[PDB]
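This is the structure I want to talk about, given as structure tokens.
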Amino acid sequence: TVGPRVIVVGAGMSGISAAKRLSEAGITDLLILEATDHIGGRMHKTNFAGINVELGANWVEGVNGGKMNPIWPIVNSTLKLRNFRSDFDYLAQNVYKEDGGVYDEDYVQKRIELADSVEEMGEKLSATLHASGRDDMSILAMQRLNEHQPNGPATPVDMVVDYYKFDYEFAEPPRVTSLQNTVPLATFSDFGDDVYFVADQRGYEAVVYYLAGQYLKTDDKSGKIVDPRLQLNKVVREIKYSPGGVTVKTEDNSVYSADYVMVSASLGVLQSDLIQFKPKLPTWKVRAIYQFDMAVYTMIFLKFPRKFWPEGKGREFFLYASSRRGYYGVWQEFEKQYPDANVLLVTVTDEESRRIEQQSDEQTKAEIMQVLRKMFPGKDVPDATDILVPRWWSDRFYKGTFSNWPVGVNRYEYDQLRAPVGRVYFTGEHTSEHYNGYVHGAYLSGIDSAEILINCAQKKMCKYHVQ
Ligand SMILES: Cc1cc2nc3c(=O)[nH]c(=O)nc-3n(C[C@H](O)[C@H](O)[C@H](O)COP(=O)(O)OP(=O)(O)OC[C@H]3O[C@@H](n4cnc5c(N)ncnc54)[C@H](O)[C@@H]3O)c2cc1C
Ligand SMILES: *[C@@H]1O[C@H](CO)[C@@H](O)[C@H](O)[C@H]1NC(C)=O
């Protein structure tokens, strides 16, 4: 409250996580400017039907492994948020033919096993690659290498399996994704292979609220944060930085002065025009910004008069093996999570997301009915009473859902993304050293970025040397 002053742009998970570590170090003169009317960012729940569902992150990915994922204790022990281990063991039983009903289990299981071992091969190769990524490649090239082919999985089952294995995780096709940096994934190698599905009407966002309440003044009766240092509905539009200090202009024309600015807005937002930098950021930094990927991952939710889809063991995850790659193939049913709610989840990513976001909710529900009517020619399938189409790409405060490591981005130029310019510091999942794309990554980037700065402010070490 006296000493250097840091303005933190954004009250998402990395924004909150940074400001906490800052407060703890003694840097308590904090101003958090949050663009929307709530903290938590891409951890955001919403009312669908009569339930609360997640628009953003829904999983704690990487549990049960060699090292404790820091998100996990908070979820499972502290807040005891309702959640379920995901079981993908049965997918072979649950892949639907484009016209009429399920494939032969034994058949699918083979293609699965075959996919798995190509990826096991690519794991081995990845570990041999030079650390400069002089000799990195796309996941797809590794697939071609192994499958001895001009192309990757190119037939309806093979693709939806490919999609499940990759797109469903990184929101972009294997052919744009760097092998060296996704195969294998530090989230899973480090924290475990398991993923847990948070279904707790408090919201996964509860994790961020909780960390916020560690250091921000909250009302004793109500619980709401009331700390003057948190400023909602504050859209940062300009950042002026000289060696003297920094100016932050918001959209209602407020100008704040600080010693240092911590910027936690998504790589998507950074890629847009929303925040103008004066001076323009160095060419190196701009190049790093535009070369990395901000993927879109859309969780279409559906309400039904009755159920028509199998429930029971292995019935949560099913795929639709469309002849058109990435066309309503990934489906989730919620017998455990919201029983008996009668809702389905289809996921889409990337090119389909951008199409679907731009098109009428109506039109979309059309396309989905058609697919569902194809998948269960047997049953008598009612129209969905309600659809939900999260439009994160469209939203100017997000412009996507999480980062993806593309081919051609190496370790050096990844680091340039996170490297500070002057008194301008960056945090956010996209700056995470080993966990870009993830809640825990965003959380841990909070701490790291905070520490880079604490080192400058207190210990007077301010030249950050990129590697
Ligand atoms: C659809 C979806 C699916 C996902 N699934 C998973 C999952 O299951 N598990 C997992 O771990 N990860 C998943 N994630 C990724 C994970 O949610 C993110 O890595 C993390 O939550 C992002 O936090 P952040 O602090 O890096 O960024 P953000 O949460 O985006 O924080 C930035 C904040 O700044 C605000 N803002 C932006 N611009 C400005 C401005 N100009 N002025 C002031 N404030 C600004 C934003 O509103 C936002 O609150 C998912 C995310 C999405 C959206
Ligand atoms: C989480 O909590 C449950 C019930 O509270 C406990 O029994 C279990 O050990 C925990 N699960 C994991 C994966 O750690």
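What you see of chain A is 30-496, where the numbers are those given in Swiss-Prot.
If you're wondering, the header gives X-ray crystallography, 3.2 Å.
Cβ from N, Cα, C; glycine included.
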Have a look through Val255, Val265 and flag the one Swiss-Prot assigns to the FAD site that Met42, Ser43, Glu63, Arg71, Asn87, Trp88, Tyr427, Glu458, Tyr467, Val468 belong to.
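Among the candidates, Swiss-Prot records only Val265 at this FAD site.
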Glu90, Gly466 show up in Swiss-Prot as binding substrate; which entry in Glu198, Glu345, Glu362 does that record put in the same site?
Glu198
What's the most sparsely packed of the binding-site residues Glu63, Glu90, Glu198, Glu458, counting other C-beta atoms within 10 A?
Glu198
Out of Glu63, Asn87, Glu90, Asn105, which recorded positions lie by ligand 2, with a C-beta less than 6 Å from some atom of it?
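If the test is a Cβ under 6 Å from any atom of ligand 2, the answer is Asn105.
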Taking a cut-off of under 6 Å between Cβ and any atom of ligand 1, tell me which of the recorded positions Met42, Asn105, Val265, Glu458, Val468 pass.
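So the answer is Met42, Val265, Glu458, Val468.
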In whole Å, how far does the CA atom of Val265 (FAD binding site) lie from that of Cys485 (disulfide bond)?
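So the Cα of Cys485 (disulfide bond) lies 24 Å away from that of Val265 (FAD binding site).
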Which residues does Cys491 (disulfide bond) neighbour through Cβ under 8 Å, counting only same-chain ones at least six apart?
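Once residues fewer than 6 apart are set aside, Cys491 (disulfide bond) is near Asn484, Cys485.
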